[PDB]
């Protein structure tokens, strides 16, 4: 059976940027087919409607098993309109978002939607005097390192791989939809790291990453004096850079014990596992 999904991307988060690719890292899965649509970085209600409309138009002929909407702040006007359209639709849907999405977590459950809210997927320092395209990309690189090397992306991979398997025995029910909130403490319930200091360095990374969001918000939405807000937003980016270095330190620790967890997909979609470098994944 081939599971089918549409991913809708409006605005940008680290998680929404990678979410589809985490499911087919070598493009060799024979049990999935995806379509990805969006309006790039714009996430006003008009653009989001356009994005969802594209999805639903494609869905008529594509017949996806589920639809994923990903981007910043599920509580905002654009995303709320996506939640409304997708909840109304015939397709099971999952909302990928960040910490501001916690405001509408009960509402999403009421709407019959799944969610994965990634608290460390922090808003960047979006002031013109600081954030140009290069800086935006630098931040995203650091963030992606954090989300990957800490194990957060493996949490997201697993949630969708479970959903996909349910899709393969058809009708995914509301009870099958992910309802996850990911943060520093998520690592406490997992066995990502063989070395306890790699895990605590990864937790520190995630804490810092989550703390970045409040600094960005202060600099973007509260502070009005540029002599203050430019340094504030830039400090958030320095924090993210060091979160990434901690994530890197954690991963090097694992390397030192030849204990880096890898969980690749087989061509039939089965999630394999290994820890030793030269061990075949099984």
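Rigid core (definition): largest C-alpha set, two forms, superposition within 1.5 Å. Numbering follows the first chain given and starts at 1.
Between 128 to 136 and 167 to 175, greater CA displacement relative to the shown form is found for 167 to 175 when the structures in 6 other deposited structures of this protein are fitted on the core. The PDB entry records a higher mean C-alpha B factor for 102 to 110 than for its counterpart among 202 to 210 and 102 to 110. Look at the mean CA B-factor for 83 to 91 and for 192 to 200 in the entry; the higher one is 83 to 91. Sort the chain's modelled residues by C-alpha temperature factor and residue 220 lands in the middle third, per the entry. Split the chain's modelled residues into thirds by C-alpha temperature factor. Residue 45 is in the highest one. When the CA B factors of the chain's modelled residues are split into thirds, the value for residue 34 lands in the middle one. In the PDB entry, residue 258 places in the lowest third of its chain by CA B-factor. In this PDB entry, residue 178 carries a Cα temperature factor that places it within the highest third of its chain's modelled residues.
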